[PDB]
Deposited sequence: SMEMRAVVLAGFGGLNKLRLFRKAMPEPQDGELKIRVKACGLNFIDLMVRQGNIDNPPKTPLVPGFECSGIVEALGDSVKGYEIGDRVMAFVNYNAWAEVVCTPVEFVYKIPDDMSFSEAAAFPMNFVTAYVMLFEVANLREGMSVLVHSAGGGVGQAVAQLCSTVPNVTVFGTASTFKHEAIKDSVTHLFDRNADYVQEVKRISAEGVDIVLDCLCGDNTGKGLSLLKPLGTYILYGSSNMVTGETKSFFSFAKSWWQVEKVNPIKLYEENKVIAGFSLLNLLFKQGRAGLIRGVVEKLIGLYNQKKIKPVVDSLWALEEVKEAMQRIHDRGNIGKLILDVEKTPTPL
């Protein structure tokens, strides 16, 4: 009949969040219904909360884009799933709730070894990382990568994936308060460096990843994620990346599934592993967001739907 959900009453600060009961959605054709066990907290959720969003959706709204759980009901015309299957999923909002309906093309079966909390930490960070390194840039042996915010979710995803390719040097920057916790992830770590990087690699780096130029080698790539004659003259590449838009506006679910299958292969070979920081109740969402604002987390924050506060 009804479910519990986190509701953003309107745009503003933390105190616009509510926990309310609402109608359980039912799966339309080509959707399935997920009994949610965990939800990913992403930086973009803080932006949605303030209304710093392109074409902001109407409030009130249930936030969240990433979740894991158990298939509880099938929509018409769904291939490949049975109720009781364990899955992770993307969803265009509405993830922060006990039940979620989403089109099947955004749903991925998870291995038995993968817990729900890990699974809800898996898709946003690792797909973003994988797509930037191997689909936007073409990371190969011997290259070097500069990763800003090396301690963040995507930063850590990038560092693990780089280690699957031989002889890749990863340069990270981060809050100097974070260095002891993240130092073992990267080859060289800096305290927020151009000179310091140049001292190890005179020409700079092959790939720079920068979240919401002069550091690039020739043929290098700068990628921004969530003067054209200069590019010609300097032989450089600039790119932008928004996983949500790729999914929900541009129709590339099929491609992303390819990426998720490769990510799951790597996970099964024990070459990558999402790092969950802490598990938070639905009542504790304000506190979790605050912790992300205060940059106090080492790993991913995860909402545990069945946790009591």
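The deposited chain is incompletely modelled, with C-alpha atoms absent over 1, 194-196, 217-224, 239-263, 347-349.
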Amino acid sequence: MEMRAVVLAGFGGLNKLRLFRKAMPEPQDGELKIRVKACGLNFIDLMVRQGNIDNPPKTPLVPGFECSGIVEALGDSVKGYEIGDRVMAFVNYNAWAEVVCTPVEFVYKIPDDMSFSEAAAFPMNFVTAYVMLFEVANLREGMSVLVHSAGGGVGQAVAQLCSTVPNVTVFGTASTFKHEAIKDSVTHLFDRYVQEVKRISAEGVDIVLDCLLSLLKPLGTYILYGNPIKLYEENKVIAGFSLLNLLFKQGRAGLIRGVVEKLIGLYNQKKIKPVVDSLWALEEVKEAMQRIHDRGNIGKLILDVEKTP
From here on, numbers count along this sequence of modelled residues.
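Comparing 198-206 with 153-161, the stretch with the higher mean C-alpha B-factor in the PDB entry is 198-206. Legend: mean Cα B-factor per stretch from the PDB entry, 262-270 versus 53-61; the higher mean is in 53-61.
The PDB entry assigns its highest CA temperature factor, among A239, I182, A73, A89, to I182. Which of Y222, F106, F190, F116 has the largest Cα B-factor in the deposited entry comes down to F190. Per the PDB record, residue ranking by Cα B-factor puts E234 in the highest third of the chain. The deposited CA B-factor of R252 belongs to the middle third of values across its chain. In the deposited entry, the Cα temperature factor of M1 sits in the top third of values across the chain's modelled residues. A288 sits in the lowest third of its chain by CA B factor, as recorded in the PDB entry. Sorting the modelled residues of the chain by their CA temperature factor places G142 in the highest third.
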